[PDB]
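Novice: This is the structure I have questions about; it appears just below.
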Ligand SMILES: CO[C@H]1O[C@H](CO)[C@@H](O)[C@H](O[C@H]2O[C@H](CO)[C@@H](O)[C@H](O)[C@@H]2O)[C@@H]1O
Ligand SMILES: CO[C@H]1O[C@H](CO)[C@@H](O)[C@H](O[C@H]2O[C@H](CO)[C@@H](O)[C@H](O)[C@@H]2O)[C@@H]1O
Ligand SMILES: CO[C@H]1O[C@H](CO)[C@@H](O)[C@H](O[C@H]2O[C@H](CO)[C@@H](O)[C@H](O)[C@@H]2O)[C@@H]1O
Ligand SMILES: CO[C@H]1O[C@H](CO)[C@@H](O)[C@H](O[C@H]2O[C@H](CO)[C@@H](O)[C@H](O)[C@@H]2O)[C@@H]1O
Ligand SMILES: CO[C@H]1O[C@H](CO)[C@@H](O)[C@H](O[C@H]2O[C@H](CO)[C@@H](O)[C@H](O)[C@@H]2O)[C@@H]1O
Ligand SMILES: CO[C@H]1O[C@H](CO)[C@@H](O)[C@H](O[C@H]2O[C@H](CO)[C@@H](O)[C@H](O)[C@@H]2O)[C@@H]1O
Ligand SMILES: CO[C@H]1O[C@H](CO)[C@@H](O)[C@H](O)[C@@H]1O
Ligand SMILES: CO[C@H]1O[C@H](CO)[C@@H](O)[C@H](O)[C@@H]1O
Ligand SMILES: CO[C@H]1O[C@H](CO)[C@@H](O)[C@H](O)[C@@H]1O
Ligand SMILES: CO[C@H]1O[C@H](CO)[C@@H](O)[C@H](O)[C@@H]1O
Ligand SMILES: CO[C@H]1O[C@H](CO)[C@@H](O)[C@H](O)[C@@H]1O
Ligand SMILES: CO[C@H]1O[C@H](CO)[C@@H](O)[C@H](O)[C@@H]1O
């Protein structure tokens, strides 16, 4: 999958992926974007903890929490409560979108 | 693919798809959401033209244009110029998100 | 997913899918290949039962069984015990391959 | 895509991919299987050339050729002319299957 929907959570070792791109939430708490084996981006918080989990919040903030729930990193885009999506785009860019503007409402 | 990014266009017969869900821009100009062979949603503009094309605009408006460029249908969510995405979600709901809030900027 | 590996089973309502193609094992026991809403192929065994399940066997036979385990349909390609795969190809052709010839053995 | 069909070719930098798994035909001619950034398997032919291309042949042989068309590596599973598939399985195992046993013939 390449979309982390608001209200979801990438646990340790979990990741979004598309093509050769992998946005992985590592064990050492380093959220890294790899292009195959090459590191492309990273929160550079590796080692600050263990077993962290990336969380896309409804307020719009993309936060990396440690097991103790202390936030290690965050996009700081928190504020408007609503629906949001974190997408690992086809052009190798992880982007946050929101709030939702329209929907067919065909939701299950 | 299950994401129509703003600035993109589904031509006739083109579609977003995910699982058994297919959000197709048909020849008869009817934008329909199918769950396998069952119709789920539709703009109900079938027959109003031929060779239409769905366009996700930068202003946020999701418009169905005919070859003559006259809009046959639209979400009317036009307004704020920016980046938007139309996603055929995993829960069978086509939703529009925007503007973009954050990005790793790792864009190619 | 677009691959049913030998030893696996599509239950009722389950399906392989790729693009707009959906190879679905229906409730009425009719294994049908749809191209969006258009039926393309089918075992034409609909109604012969309820709650059937498609099974890709290790002997190479692709069988549609009813809950009572009586085979309703089968490719009759049974014979050589081994590894096989049923693939819903990108050209809209469901094909069976086997046995396996080579592998990196990198298996988890 | 995670299937290289017989008669197809991964050029330099091209790759099969699934999940965090990427079976890439590198510039240095090293066909490597990575699990994110960790190398898992490799033909160990890196440096033997430049701009190689992986080819899944109809005879069943999986060969890595150099631009000069000299084979640098091969699975040596050549022999029976027919249809074959190289699949980067969900269990992180690259496997070759063939020949084809059955098909709905729905081919486009
Ligand atoms: C400096 O290493 C940290 O940041 C790198 C990117 O800047 C990551 O690649 C790295 O993770 C990978 O390597 C470490 C070992 O150095 C390993 O523990 C991890 O599982 C990855 O393989 C680390 O986060
Ligand atoms: C300052 O709080 C915002 O930013 C923090 C990280 O910089 C987040 O931890 C914080 O999230 C928490 O509070 C919000 C609002 O109460 C809640 O919705 C979320 O689940 C966390 O508990 C917020 O984003
Ligand atoms: C009433 O038919 C229109 O709207 C339906 C949904 O309400 C669509 O399913 C339908 O499209 C499909 O059927 C038509 C023929 O009726 C066919 O031209 C089209 O390619 C689809 O198969 C149509 O849009
Ligand atoms: C003749 O109907 C059977 O075979 C068709 C293909 O030849 C299928 O499309 C059909 O399944 C679909 O329609 C039936 C109702 O006729 C419905 O029960 C099923 O869920 C599908 O929508 C059926 O198998
Ligand atoms: C020993 O290096 C070769 O084999 C490795 C696996 O055994 C590959 O990872 C490696 O490729 C990667 O690194 C090289 C530089 O050492 C780089 O040229 C290539 O693009 C990959 O990043 C190489 O094939
Ligand atoms: C010994 O030939 C087989 O193995 C070689 C590598 O070990 C392959 O290069 C070779 O392939 C070539 O010949 C076959 C048969 O003529 C042809 O189909 C293929 O396209 C290559 O030209 C064969 O696999
Ligand atoms: C109630 O939530 C659902 O519907 C909204 C819009 O109606 C979507 O944005 C969201 O992702 C879900 O599909
Ligand atoms: C009123 O203009 C807006 O809406 C129409 C359709 O309603 C689009 O054609 C146009 O580009 C704008 O999005
Ligand atoms: C310049 O556009 C790119 O970057 C923005 C955010 O920087 C994304 O929203 C967009 O989809 C592209 O990837
Ligand atoms: C004759 O036996 C074979 O074929 C039938 C269906 O024809 C399967 O049920 C069985 O497991 C074997 O594959
Ligand atoms: C033991 O089974 C595994 O390995 C064989 C080849 O070794 C594959 O064909 C099969 O799908 C599994 O990945
Ligand atoms: C003629 O080739 C097509 O059909 C055969 C079986 O008929 C498949 O194996 C192959 O991949 C193609 O789809």
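Residue numbers (PDB author numbering), protein chains in the order written: chain A, 1 to 108; chain C, 1 to 108; chain C', 1 to 108; chain A', 1 to 108. A prime marks a further copy of an entry chain.
The C-beta atom is built at its ideal place from N, Cα and C for all residues, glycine as well.
Using Cβ-Cβ distances below 7 Å, what residues of the segment 31-45 of chain C are close to chain A?
Specialist: Flagged, chain order: 33, 40, 41.
Novice: Return the CA-CA distance between residue 60(A') and residue 89(C), expressed in angstroms with no decimal places.
Specialist: In the fourth chain, counting from the first residue as 1, residue 60(A') sits at position 60. In the second chain, counting from the first residue as 1, residue 89(C) sits at position 89. For residue 60(A') and residue 89(C), the distance between alpha carbons rounds to 39 Å.
Novice: Work out the CA separation of residue 91(C') and residue 99(C') for me, nearest whole Å.
Specialist: For the purposes of this step, residue 99(C') is identified with residue 99 of the third chain, where counting begins at 1. For the purposes of this step, residue 91(C') is identified with residue 91 of the third chain, where counting begins at 1. Each residue's alpha carbon lies about 22 Å from the other.
Novice: Can you look up residue 39(A) in the DSSP assignment and give me helix, strand or coil?
Specialist: Your numbering for residue 39(A) matches position 39 in the first chain. Residue state, collapsed to three classes: strand.
Novice: At a Cβ threshold of 8 Å, is residue 24(A') touching chain A?
Specialist: Position 24 of the fourth chain, counting from 1, holds the residue named residue 24(A'). Output row for residue 24(A'): interface = yes.
Novice: Determine the chain A residues that contact residue 59(C) at a beta-carbon separation under 9 Å, and present them in chain order.
Specialist: As a working note, residue 59(C) is residue 59 in the second chain. Under the 9 Å cutoff, chain A gives no residues; its nearest Cβ is about 11 Å from residue 59(C).
Novice: Exposed or buried, which one is residue 50(C) when buried takes at least 16 other CB atoms within 10 Å?
Specialist: Your numbering for residue 50(C) matches position 50 in the second chain. Its Cβ having fewer than 16 others within 10 Å, residue 50(C) is exposed.
Novice: I want to know whether the segment 100-108 of chain C' touches the segment 62-79 of chain A' - three or more CB-CB distances under 8 Å.
Specialist: With the cut-off at 8 Å, the segment 100-108 of chain C' and the segment 62-79 of chain A' touch.
Novice: Cutting at 7 Å between CB atoms, please list the residues of its own chain near residue 57(A'), excluding the five before and the five after it.
Specialist: Looking up residue 57(A') in the fourth chain gives position 57. For residue 57(A'), where only same-chain residues beyond five positions count, the Cβ hits under 7 Å are 6, 63, 78.
Novice: List the residues of chain A' that residue 181(A) touches, going by C-beta distances under 8 Å, in chain order.
Specialist: Outside the modelled stretch of chain A, which goes from 1 to 108, sits residue 181(A), for which no answer is possible.
Novice: Which residues in chain C sit within 7 Å of residue 106(A), going by Cβ to Cβ distance?
Specialist: Your numbering for residue 106(A) matches position 106 in the first chain. Those within 7 Å of residue 106(A) in chain C are 33, 40, 41, 92, 93, 94.
Novice: Answer yes or no: the CB of residue 28(A) versus the heavy atoms of ligand 1, is any distance below 7 Å?
Specialist: Along the first chain, read from residue 1 onward, the residue named residue 28(A) stands at position 28. Yes, the beta carbon of residue 28(A) sits closer than 7 Å to at least one heavy atom of ligand 1.
Novice: If you measure from each residue's Cβ to the nearest non-hydrogen atom of ligand 12, which ones come out under 7 Å, in chain order?
Specialist: Those residues are 89(C'), 91(C'), 93(C'), 95(C'), 5(A'), 83(A'), 100(A'), 103(A'), 105(A'), 107(A'), given in chain order.
Novice: Our contact map puts residue 1(C) next to residue 20(C) with C-beta atoms below 8 Å; I'd like the distance itself, whole angstroms only.
Specialist: Position 1 of the second chain, counting from 1, holds the residue named residue 1(C). Position 20 of the second chain, counting from 1, holds the residue named residue 20(C). Residue 1(C) to residue 20(C), Cβ: 16 Å. No contact.
Novice: Considering Cα atoms alone, identify which of 25(A'), 80(A'), 108(A') is closest to residue 117(A').
Specialist: The displayed coordinates of chain A' run from 1 to 108. Any statement about residue 117(A') would go beyond what the structure contains.
Novice: Any beta carbon of chain A sitting closer than 8 Å to that of residue 72(C)?
Specialist: What you label residue 72(C) is simply residue 72 of the second chain in a count that begins at 1. Residue 72(C) does not count as touching chain A.
Novice: Which full runs of the beta strand (DSSP E) of 3+ residues lie inside the segment 7-91 of chain C', going along the chain?
Specialist: Runs of the beta strand (DSSP E) inside the segment 7-91 of chain C': 8-10, 15-18, 21-25, 31-35, 38-42, 53-56, 62-65, 71-74, 84-88.
Novice: Given that a residue counts as buried once 16 or more other Cβ atoms are within 10 Å of its Cβ, and exposed if not, what is residue 43(A')?
Specialist: The residue labelled residue 43(A') in the question sits at position 43 within the fourth chain. Result: buried.
Novice: Does residue 54(C) come within less than 8 Å of chain A when only Cβ atoms are used?
Specialist: Here residue 54(C) is taken as the residue at index 54 of the second chain, counted from 1. No - not a single Cβ of chain A is within 8 Å of the one on residue 54(C).
Novice: By the criterion of Cβ-Cβ separation under 7 Å, what are the contact partners of residue 62(A) in chain C?
Specialist: Your numbering for residue 62(A) matches position 62 in the first chain. Ordered by position in chain C, the residues that pass the 7 Å Cβ test against residue 62(A) are 102.
Novice: Between residue 57(A) and ligand 8, is there a pair consisting of the residue's CB and a ligand heavy atom that are separated by less than 7 Å?
Specialist: Within the first chain, the letter at position 57 stands for residue 57(A). Incorrect: residue 57(A) has no Cβ contact closer than 7 Å to ligand 8.
Novice: Are there any heavy atoms of ligand 8 lying less than 7 Å away from the beta-carbon of residue 78(C'), as far as the coordinates show?
Specialist: The sequence position of residue 78(C') within the third chain is 78, counting from 1. False, no ligand heavy atom lies under 7 Å from that Cβ.
Novice: For ligand 5, is there a heavy atom less than 7 Å away from the beta-carbon of residue 39(A)?
Specialist: Walking along the first chain from the start, residue 39(A) turns up at place 39. For ligand 5, not one heavy atom lies less than 7 Å from the Cβ of residue 39(A).
Novice: Out of curiosity, what's the CA-to-CA distance linking residue 4(C') and residue 86(A')?
Specialist: One-based indexing of the third chain puts residue 4(C') at position 4. One-based indexing of the fourth chain puts residue 86(A') at position 86. So the two alpha carbons sit approximately 15 Å from each other.
Novice: Return yes when the C-beta of residue 74(A') is under 7 Å from any heavy atom of ligand 6, and no when it is not.
Specialist: The residue you call residue 74(A') lines up with position 74 of the fourth chain. Yes, since a heavy atom of ligand 6 falls inside the 7 Å radius drawn around the Cβ of residue 74(A').
Novice: Give a yes or no on whether 8 Å exceeds the smallest Cβ distance from residue 9(C) to chain A.
Specialist: The sequence position of residue 9(C) within the second chain is 9, counting from 1. Not closer than 8 Å to any Cβ of chain A, the Cβ of residue 9(C) fails to qualify, so no.
Novice: Name the chain A' residues whose beta carbon is nearer than 8 Å to that of residue 97(C')?
Specialist: The count along the third chain starts at 1 and reaches residue 97(C') at position 97. Near residue 97(C') (Cβ distances below 8 Å), the residues of chain A' are 83, 84, 85, 97, 98, 99, 100, 101.
Novice: Taking the continuous beta strand (DSSP E) assigned at residue 1(C'), which residues delimit it?
Specialist: Here residue 1(C') refers to the residue found at position 1 when the third chain is read from its first residue. Here residue 1(C') belongs to no beta strand (DSSP E), and DSSP marks it neither H nor E.
Novice: Check whether chain C' comes within 8 Å of residue 77(A'), counting only Cβ atoms and requiring the distance to be less than that.
Specialist: As a position in the fourth chain, residue 77(A') is number 77, starting the count at 1. At least one chain C' Cβ lies under 8 Å of residue 77(A').
Novice: Shorter than 7 Å, the distance from the beta carbon of residue 61(A) to the closest heavy atom of ligand 2, or not?
Specialist: For the purposes of this step, residue 61(A) is identified with residue 61 of the first chain, where counting begins at 1. Yes, the Cβ of residue 61(A) comes within 7 Å of a heavy atom of ligand 2.
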